[PDB]
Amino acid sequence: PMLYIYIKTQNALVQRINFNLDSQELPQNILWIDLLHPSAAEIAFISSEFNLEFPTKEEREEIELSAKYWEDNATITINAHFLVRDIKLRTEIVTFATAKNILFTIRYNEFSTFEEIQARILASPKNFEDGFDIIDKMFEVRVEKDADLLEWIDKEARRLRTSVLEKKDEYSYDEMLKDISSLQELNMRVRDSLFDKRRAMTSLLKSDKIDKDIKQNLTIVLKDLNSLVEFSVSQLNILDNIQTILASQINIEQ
């Protein structure tokens, strides 16, 4: 159970505070509060200090579990999608919320993509005025890491493409089909992760809690996201076709 508080320093920089709920005193100029493995103490903390509760049934509004974005007059909540090792990956969800101009992240595991987000925010030359500015940069970094994974798939697919089409430097046919199947799965997961971020960013653009400058950045990220979805679809077709070509080769050789 760890609680990290990111503040805007007197330097006009960002500083991270590993905060002890039990004994220590709240800092001022809070930008972002990160809860890792929250216990009831940490959940009580954000509710008591920031009026952040997460009921799935309530009187004031219909809470839809078939959505991943919720906004009321005071707060925004996003159940954000990440990929972690299960190369085999699985879905990992991090809860994002905004309250009193502060960004909240509630997470249940530590993972490499989130560590990159932390490092990026802490090192960025950008001047962060509040938590909404943080979430803006976080979407940018998340799309980059998806791009990196698509690029890694591309390297493997090019190797397989050459090997299969030119019948050059082939290994165990079953192994090559297993690898292709692994790459297909990865490609599918990233695209679906990209679609999640598209829906989240599009909803955020519709919020009057988000200033124009952030919406401008989200629009730029949305353009890049669309490029990556296009790239992922092309890549998927290539893998499916290589599978078929390999399957044909296997069959002819029997």
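In this text, residue numbers run from 1 along the sequence as written.
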_So residue 86 and residue 87 are neighbours in the shown sequence, but is anything from the deposited sequence left out between them? Give the count as none, 1 to 3, 4 to 9, or 10 or more._
10 or more
*Of the two stretches 227-235 and 21-29, which shows the higher Cα B-factor on average in the entry?*
21-29
*Do the C-alpha atoms of 165-173 or of 99-107 have the higher average B factor in the entry?*
165-173
*Quick one: which of 139, 152, 82, 128 shows the highest Cα temperature factor in the PDB entry?*
128
_Considering every modelled residue of the chain and its Cα B-factor in the PDB entry, is residue 52 in the lowest, middle or highest third?_
highest
*For residue 133, the third of its chain into which the C-alpha B factor falls*: highest
*asked:* Based on the deposited C-alpha B factors for this chain, I'd like to know if residue 36 is in the lowest, middle or highest third.
replied: middle
*asked:* When the deposited Cα B-factors of this chain's modelled residues are ordered and cut into thirds, is residue 117 in the lowest, the middle or the highest one?
replied: middle
*residue 91 - which third its CA temperature factor falls in, relative to the rest of the chain*: lowest
